[PDB]
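Novice: I'd like to ask some things about the structure below.
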Protein chains: 4
Amino acid sequence: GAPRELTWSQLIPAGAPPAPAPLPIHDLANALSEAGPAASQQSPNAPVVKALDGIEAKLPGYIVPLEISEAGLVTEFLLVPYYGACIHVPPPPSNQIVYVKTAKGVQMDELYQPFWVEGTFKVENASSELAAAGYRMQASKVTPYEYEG
Amino acid sequence: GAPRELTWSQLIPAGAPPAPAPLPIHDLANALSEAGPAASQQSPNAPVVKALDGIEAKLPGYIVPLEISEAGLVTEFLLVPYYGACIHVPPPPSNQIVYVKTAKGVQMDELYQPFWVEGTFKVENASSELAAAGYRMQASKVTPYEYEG
Amino acid sequence: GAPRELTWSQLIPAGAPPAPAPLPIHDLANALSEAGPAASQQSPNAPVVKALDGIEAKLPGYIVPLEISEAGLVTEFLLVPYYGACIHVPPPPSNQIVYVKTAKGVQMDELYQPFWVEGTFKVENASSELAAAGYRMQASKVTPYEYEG
Amino acid sequence: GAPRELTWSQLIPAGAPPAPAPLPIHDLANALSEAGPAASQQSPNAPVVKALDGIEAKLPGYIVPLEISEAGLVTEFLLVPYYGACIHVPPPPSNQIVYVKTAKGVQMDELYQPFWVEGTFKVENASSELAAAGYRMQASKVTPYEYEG
């Protein structure tokens, strides 16, 4: 049925540390840069909200592509709360990342904007060399986040 | 001399409301979209940290261009803590925006990445049709935010 | 009335040199890089088709922004036949550039795609530090170039 | 050894049709849009220069990603002479496309700029759902096209 809209803060359980500054201080960005690609994500096994497992959810975010289809579309990606996550700044904690799989791919070109990702939501570990995630989603719909200034 | 590095949280005075979710909930983004371009920025006159006035500061962020030079470089812009601010999502509160003027312009092309903005920091109101800011900066240096995954 | 659709080749008069390779050979790109910003455009006063003066025209191309409005939109720009012209590769000849002025601005974000520029077409010189143009246009409509793969 | 620099025109044999307008006329772009994804590339089996087979070559161009690595880098792509090829405009003829495989991947972010692709050059057919190519390359080096305005 209709997806339950989520916020990124609903993916952090009660008592767990909040999401850090999306733009780390200079000394920290340099320390994580000097450290290996392993050390990039400082909370790769962050606590997860187990009551979210199996629901139909809807979450906004930016797309970090992981796989391209035969058709030239992104079919596997990380959903993150901010643009540049894993690329321009360190990865977010693993409870601020969703590993998404979609049959209806997204155009590689239009990934500068945020999107709404709707689908079956799972509390299952997912790893990539780029980042670890505590959540997974089999998307039904990937639609641009609409906002007019 | 050497600039004092700032965080975006140091631009919010003690007792003032914290910065909201950079990705508003669907009903809120639609409410601000339906409302005029005036209503886009919900805190246009947010409290400011007056002890910051006149210092040499350094702050990281994303560039929202406002003016292009004869040379095809951005010489006036808003420094914001997240990509897409004012364009893809509503503007941040006015105490989470710096109106920057630079003699050494930035290339329009390379604005997909975050930057370090160093210069003389002022606690002075600055308005644009896009957003109001509680801070101003006359930048000495605009350099890309360096981070290796 | 209805605009006359133009091709970039219709902007080059009979007998005039054709447009060069949009991706110059390595030694040439280095020679123009080593040479001043003046030398970037090798044909800044290329012959123009005078029979085009005063018509209602429609031409496809990429936007090189020159001026930003109060609203954060591009209101003055160069229309070029290829992406990156003047920025990533040398400027095209001046008879392969249109200096466009528009009241209905274009979003700075969506300049990765080509557009259709319709409006009053003039055979008048226009200079910028970035490049010289032999044509001008007061655009009525700036609409994205539609194509589905 | 040192790669032989190529131009895109050296990939078209003597007597073969030249590369068409990179920005098709409106009626043509609509005709190819209305037609299936098969019909997008109008010359999918364009004549090739067989004397190029086995050489160490260097060619400039734009990257159309086809495959992403575990590390989040593009390791398989189409090298095309213009930005937007296959995405914003129809694919170029198959003798104006190189199917490239690289061990040293390219960052997904920095694909807005042209590159120099050096490596072993083969005259071998390569197909994708996006476009057919008459040339292949096992790249040794993928470096940004350097040019200063």
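Identifiers in this document derive from the order of the structure tokens: chains are assigned A, B, ..., residues are numbered from 1 separately in each chain, and ligands are numbered from 1 in order of occurrence.
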Enumerate the residues of chain A with a DSSP assignment of helix (DSSP H, G or I), computed from the backbone, and present them as an MDAnalysis selection string.
Specialist: chainID A and resid 8:11 26:34 50:52 94:96
Novice: Once you have the residues from the selection above, write them out as a compact mmCIF listing (two decimals), in the first residue's frame, restricted to N, CA and C atoms.
Specialist:
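The file below, selection-v6.txt, is the result:
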# COMPACT_ATOMS: atom_id res chain seq x y z
N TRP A 8 15.43 11.05 8.09
CA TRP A 8 16.68 10.39 8.39
C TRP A 8 16.87 10.17 9.89
N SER A 9 16.31 11.05 10.74
CA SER A 9 16.43 10.92 12.20
C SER A 9 15.67 9.71 12.75
N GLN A 10 14.65 9.19 12.00
CA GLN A 10 13.87 8.00 12.40
C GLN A 10 14.68 6.71 12.16
N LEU A 11 15.85 6.83 11.50
CA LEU A 11 16.71 5.70 11.21
C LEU A 11 17.77 5.54 12.29
N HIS A 26 38.61 20.58 9.20
CA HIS A 26 39.80 20.41 8.38
C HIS A 26 40.74 19.32 8.89
N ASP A 27 41.08 19.35 10.17
CA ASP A 27 42.00 18.37 10.73
C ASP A 27 41.44 16.94 10.63
N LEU A 28 40.12 16.77 10.82
CA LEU A 28 39.42 15.50 10.72
C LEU A 28 39.37 14.99 9.27
N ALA A 29 39.01 15.84 8.30
CA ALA A 29 38.97 15.46 6.88
C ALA A 29 40.39 15.03 6.43
N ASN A 30 41.45 15.75 6.89
CA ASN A 30 42.82 15.39 6.58
C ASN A 30 43.19 14.07 7.26
N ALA A 31 42.76 13.85 8.53
CA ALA A 31 43.07 12.61 9.24
C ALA A 31 42.45 11.39 8.55
N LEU A 32 41.23 11.52 8.02
CA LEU A 32 40.50 10.44 7.33
C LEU A 32 41.02 10.24 5.91
N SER A 33 41.55 11.31 5.30
CA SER A 33 42.18 11.29 3.98
C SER A 33 43.49 10.54 4.06
N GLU A 34 44.35 10.88 5.07
CA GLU A 34 45.65 10.24 5.31
C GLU A 34 45.45 8.76 5.65
N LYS A 50 15.18 -1.64 14.45
CA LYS A 50 14.67 -2.94 14.03
C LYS A 50 13.15 -2.95 13.72
N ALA A 51 12.37 -1.97 14.26
CA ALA A 51 10.92 -1.89 14.02
C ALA A 51 10.58 -1.43 12.59
N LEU A 52 11.60 -1.07 11.82
CA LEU A 52 11.42 -0.60 10.46
C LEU A 52 11.44 -1.76 9.47
N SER A 94 26.51 4.19 9.08
CA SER A 94 25.77 3.13 8.36
C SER A 94 24.25 3.14 8.60
N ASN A 95 23.77 3.91 9.58
CA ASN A 95 22.34 4.00 9.88
C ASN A 95 21.77 5.29 9.27
N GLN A 96 22.57 5.93 8.40
CA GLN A 96 22.23 7.13 7.62
C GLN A 96 22.54 6.83 6.14
Novice: Write down, as a list in words, each residue of chain A that has any atom within 10 Å of an atom of chain C, counting only C-alpha atoms.
Specialist: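 Every residue of chain A that passes the 10 Å test is in residues 71, 72, 109, 110, 112, 113 and 149 of chain A.
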Novice: Can you pull out the residues contacting residue C:69? Cut-off 12 Å, using only C-alpha atoms, and skip same-chain residues under 2 positions away; I want them as a ChimeraX atom specification.
Specialist: /B:65-68,76,128-130 /C:65-67,71-77,101-108
Novice: Give me, as a list in words, all polymer residues having an atom no more than 12 Å from residue A:7, counting only C-alpha atoms and skipping those fewer than 5 positions away in the same chain.
Specialist: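 Final neighbour list, sorted by chain and number: residues 12, 57, 58, 59, 60, 61, 80, 81, 95, 96, 116 and 117 of chain A; 20, 21, 22, 23, 24, 25 and 26 of chain B.
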Novice: Go ahead and save the picked residues with N, CA and C atoms, as a PDB file, in the first residue's frame.
Specialist:
ATOM      1  N   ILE A  12      17.802   6.468  13.252  1.00  0.00           N
ATOM      2  CA  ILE A  12      18.720   6.435  14.384  1.00  0.00           C
ATOM      3  C   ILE A  12      17.921   6.031  15.627  1.00  0.00           C
ATOM      4  N   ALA A  57       8.255   1.943   2.819  1.00  0.00           N
ATOM      5  CA  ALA A  57       8.721   3.271   3.260  1.00  0.00           C
ATOM      6  C   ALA A  57       9.023   4.222   2.105  1.00  0.00           C
ATOM      7  N   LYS A  58       9.162   5.510   2.425  1.00  0.00           N
ATOM      8  CA  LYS A  58       9.457   6.601   1.494  1.00  0.00           C
ATOM      9  C   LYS A  58      10.466   7.522   2.193  1.00  0.00           C
ATOM     10  N   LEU A  59      11.612   7.707   1.581  1.00  0.00           N
ATOM     11  CA  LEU A  59      12.667   8.509   2.186  1.00  0.00           C
ATOM     12  C   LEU A  59      13.297   9.454   1.156  1.00  0.00           C
ATOM     13  N   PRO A  60      13.617  10.735   1.516  1.00  0.00           N
ATOM     14  CA  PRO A  60      14.284  11.623   0.534  1.00  0.00           C
ATOM     15  C   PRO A  60      15.809  11.511   0.640  1.00  0.00           C
ATOM     16  N   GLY A  61      16.514  11.837  -0.426  1.00  0.00           N
ATOM     17  CA  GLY A  61      17.970  11.785  -0.380  1.00  0.00           C
ATOM     18  C   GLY A  61      18.679  11.939  -1.707  1.00  0.00           C
ATOM     19  N   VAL A  80      21.659   8.525   0.513  1.00  0.00           N
ATOM     20  CA  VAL A  80      22.332   9.271   1.575  1.00  0.00           C
ATOM     21  C   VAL A  80      21.567  10.598   1.815  1.00  0.00           C
ATOM     22  N   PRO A  81      21.725  11.223   2.999  1.00  0.00           N
ATOM     23  CA  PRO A  81      20.962  12.453   3.282  1.00  0.00           C
ATOM     24  C   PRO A  81      21.585  13.734   2.706  1.00  0.00           C
ATOM     25  N   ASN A  95      23.769   3.906   9.584  1.00  0.00           N
ATOM     26  CA  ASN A  95      22.338   4.002   9.884  1.00  0.00           C
ATOM     27  C   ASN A  95      21.772   5.294   9.272  1.00  0.00           C
ATOM     28  N   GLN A  96      22.575   5.930   8.395  1.00  0.00           N
ATOM     29  CA  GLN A  96      22.235   7.128   7.623  1.00  0.00           C
ATOM     30  C   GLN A  96      22.542   6.829   6.136  1.00  0.00           C
ATOM     31  N   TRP A 116      12.954  11.133  -4.094  1.00  0.00           N
ATOM     32  CA  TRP A 116      12.086  10.355  -3.219  1.00  0.00           C
ATOM     33  C   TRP A 116      12.268   8.886  -3.636  1.00  0.00           C
ATOM     34  N   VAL A 117      12.701   8.027  -2.708  1.00  0.00           N
ATOM     35  CA  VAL A 117      12.823   6.587  -2.964  1.00  0.00           C
ATOM     36  C   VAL A 117      11.730   5.867  -2.126  1.00  0.00           C
TER      37      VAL A 117
ATOM     38  N   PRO B  20      17.364  23.403  10.861  1.00  0.00           N
ATOM     39  CA  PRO B  20      16.424  22.306  10.616  1.00  0.00           C
ATOM     40  C   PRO B  20      16.984  21.266   9.657  1.00  0.00           C
ATOM     41  N   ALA B  21      16.201  20.210   9.444  1.00  0.00           N
ATOM     42  CA  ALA B  21      16.508  19.167   8.475  1.00  0.00           C
ATOM     43  C   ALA B  21      16.756  19.801   7.104  1.00  0.00           C
ATOM     44  N   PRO B  22      17.928  19.486   6.517  1.00  0.00           N
ATOM     45  CA  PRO B  22      18.275  20.026   5.194  1.00  0.00           C
ATOM     46  C   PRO B  22      17.361  19.492   4.082  1.00  0.00           C
ATOM     47  N   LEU B  23      16.667  18.340   4.312  1.00  0.00           N
ATOM     48  CA  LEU B  23      15.701  17.731   3.398  1.00  0.00           C
ATOM     49  C   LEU B  23      14.334  17.734   4.048  1.00  0.00           C
ATOM     50  N   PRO B  24      13.530  18.815   3.882  1.00  0.00           N
ATOM     51  CA  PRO B  24      12.206  18.867   4.533  1.00  0.00           C
ATOM     52  C   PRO B  24      11.251  17.727   4.175  1.00  0.00           C
ATOM     53  N   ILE B  25      10.335  17.419   5.087  1.00  0.00           N
ATOM     54  CA  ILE B  25       9.286  16.437   4.859  1.00  0.00           C
ATOM     55  C   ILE B  25       8.432  16.924   3.689  1.00  0.00           C
ATOM     56  N   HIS B  26       7.849  15.979   2.967  1.00  0.00           N
ATOM     57  CA  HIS B  26       7.062  16.188   1.761  1.00  0.00           C
ATOM     58  C   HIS B  26       5.984  17.265   1.909  1.00  0.00           C
TER      59      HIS B  26
END
Novice: Could you check how far atom CA of residue A:45 sits from atom CA of residue A:99, in Å to one decimal?
Specialist: 14.1 Å
Novice: So that I can check the secondary structure, give me every residue of chain B assigned strand (DSSP E) by backbone DSSP, as a VMD selection string.
Specialist: chain B and resid 4 to 5 56 to 68 73 to 80 98 to 107 115 to 122 126 to 127 132 to 133 135 to 144
Novice: Taking C-alpha atoms for each residue, export the selection above as a CSV table (one decimal), in the first residue's frame.
Specialist:
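Just written: again-v9.csv:
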chain,number,residue,atom,x,y,z
B,4,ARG,CA,40.1,31.0,12.8
B,5,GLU,CA,38.3,27.8,11.5
B,56,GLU,CA,39.6,36.5,10.1
B,57,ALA,CA,37.6,33.3,9.6
B,58,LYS,CA,37.6,30.0,7.6
B,59,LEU,CA,34.4,28.1,6.9
B,60,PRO,CA,33.6,25.1,4.6
B,61,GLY,CA,30.5,25.0,2.4
B,62,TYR,CA,28.8,25.0,-1.0
B,63,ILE,CA,28.6,28.0,-3.4
B,64,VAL,CA,25.2,29.5,-4.6
B,65,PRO,CA,26.4,31.9,-7.3
B,66,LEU,CA,24.9,35.5,-7.3
B,67,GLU,CA,27.1,37.5,-9.7
B,68,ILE,CA,29.4,36.6,-12.7
B,73,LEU,CA,34.0,33.8,-12.8
B,74,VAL,CA,31.6,33.9,-9.7
B,75,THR,CA,32.6,36.9,-7.6
B,76,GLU,CA,29.5,37.1,-5.4
B,77,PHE,CA,27.8,34.2,-3.8
B,78,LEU,CA,26.0,32.6,-0.8
B,79,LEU,CA,28.1,30.1,1.3
B,80,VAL,CA,25.7,27.4,2.6
B,98,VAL,CA,27.3,33.9,4.5
B,99,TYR,CA,27.1,36.5,1.7
B,100,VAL,CA,30.6,36.3,0.2
B,101,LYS,CA,32.4,38.9,-2.2
B,102,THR,CA,35.7,37.7,-3.8
B,103,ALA,CA,38.2,39.5,-6.1
B,104,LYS,CA,39.7,36.1,-7.1
B,105,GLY,CA,36.6,34.6,-8.7
B,106,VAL,CA,35.6,30.9,-8.8
B,107,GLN,CA,34.9,28.9,-12.0
B,115,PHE,CA,35.1,24.8,-0.7
B,116,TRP,CA,37.0,26.5,2.1
B,117,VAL,CA,36.2,30.2,2.2
B,118,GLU,CA,38.8,32.3,4.2
B,119,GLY,CA,38.6,36.1,4.7
B,120,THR,CA,37.4,39.0,6.9
B,121,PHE,CA,34.1,38.0,8.7
B,122,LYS,CA,31.4,40.5,9.4
B,126,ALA,CA,22.8,40.9,3.5
B,127,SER,CA,19.7,40.3,1.4
B,132,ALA,CA,18.7,36.7,3.6
B,133,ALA,CA,22.0,36.2,5.4
B,135,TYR,CA,26.8,37.2,8.0
B,136,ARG,CA,29.2,38.6,5.3
B,137,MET,CA,32.7,37.8,4.2
B,138,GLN,CA,35.3,39.5,2.0
B,139,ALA,CA,37.2,36.4,0.9
B,140,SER,CA,41.0,36.3,0.6
B,141,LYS,CA,40.9,32.6,-0.6
B,142,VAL,CA,38.4,30.2,-2.0
B,143,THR,CA,39.9,26.8,-2.3
B,144,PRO,CA,38.3,23.4,-2.9
Novice: May I have the residues within 8 Å of residue B:16 as a PyMOL selection string, using only C-alpha atoms and disregarding those fewer than 2 positions away in the same chain?
Specialist: chain B and resi 12-14+18+46-47
Novice: By how many Å are atom CA of residue B:1 and atom CA of residue B:54 apart?
Specialist: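 Between atom CA of residue B:1 and atom CA of residue B:54 the gap works out to 12.5 Å.
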Novice: Could you work out how far atom CA of residue B:114 lies from atom CA of residue C:88, giving the answer in Å with one decimal?
Specialist: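 Value for the atom CA of residue C:88-atom CA of residue B:114 distance: 20.2 Å.
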